[PDB]
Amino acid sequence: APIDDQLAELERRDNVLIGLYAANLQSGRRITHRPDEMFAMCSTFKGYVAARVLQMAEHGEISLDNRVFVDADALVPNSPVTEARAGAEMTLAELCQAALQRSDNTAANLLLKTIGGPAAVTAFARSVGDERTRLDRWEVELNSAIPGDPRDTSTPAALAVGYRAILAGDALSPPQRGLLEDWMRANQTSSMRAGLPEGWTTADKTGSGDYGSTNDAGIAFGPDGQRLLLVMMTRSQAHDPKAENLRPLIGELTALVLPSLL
């Protein structure tokens, strides 16, 4: 594969590992790099969490406007929305959008307490065909991303199936899938968005952790109706827990793969 040699070049140049699953949803064409290698998922588990909340609301197990108390003591770094409401209540729907749109960490912990913790996310993964995702810890420990450590990891292929399931498949009844898509489209964190031409938009979840772990998973929507499933997981090859994250590389990856999918 020639796009295969281009990706090996980016790895060499930046001392990174690139995990990629990119599919054109209309043509059924897919492109892959380390699709089955394990990467820390970091905040990308939040889509599955919000998806499961929506599933549970469908059946009346919970309700989206159910209130949850935000304890100041439960606050954890990178919680821009839950911080504003510490000592008060947010609804589950609010917590979902905080987790998805701003990667609010405490929002995700609260959502995890509601749905059954890390094991519930794993079970969810399995329910949608995702056989590699395992969540083991809470925010913010899950982002530790130690090389070789299987905890809180997935693979580009495994995350693609689940992201496809929840945004373009049958995990949710179609109108609730529509809401999940709207929730992710309003996100303020997209990395891939920078490598897309004018007119394109994304329903995607980014993740960032140690060792430069920088992820972005979701669907890119073309102006002319096109639909691209894009899952990018990258980490430094170095044993530097504090290696720089690779946000500009995602955007560069996005622009690189797009012409070979269209």
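Sequential numbering from 1, following the sequence displayed.
Out of 185-193 and 90-98, which one has CA B-factors that are higher on average in the deposited record?
Between 90-98 and 185-193, it is 185-193 that shows the higher mean C-alpha B-factor.
Per the entry, where is the mean C-alpha temperature factor higher: 63-71 or 45-53?
If you average the C-alpha B-factors of 63-71 and of 45-53, the larger mean comes out for 63-71.
Given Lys205, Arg235, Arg227, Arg34, identify the residue with the highest C-alpha B factor in the PDB entry.
Each of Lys205, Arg235, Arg227, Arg34 was compared by C-alpha B-factor; the highest is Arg227.
Looking at the temperature factor on the CA atom of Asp210, which third of the chain's modelled residues does it land in?
According to the entry, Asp210 has a C-alpha B-factor in the chain's middle third.
Ranking every modelled residue in this chain by its Cα temperature factor as given in the entry, which third contains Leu17?
Within its chain, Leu17 is a middle-third residue by C-alpha B-factor, going by the deposited values.
For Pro156, does the deposited CA B-factor place it in the lowest, middle or highest third of the chain?
Its C-alpha B-factor belongs to the lowest third of this chain's values.
Comparing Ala243 with the other modelled residues of its chain, is its CA B-factor in the lowest, middle or highest third?
As the PDB entry reports it, the C-alpha B-factor of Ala243 lands in the highest third of its chain.
Looking at the temperature factor on the CA atom of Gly116, which third of the chain's modelled residues does it land in?
According to the entry, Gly116 has a C-alpha B-factor in the chain's lowest third.
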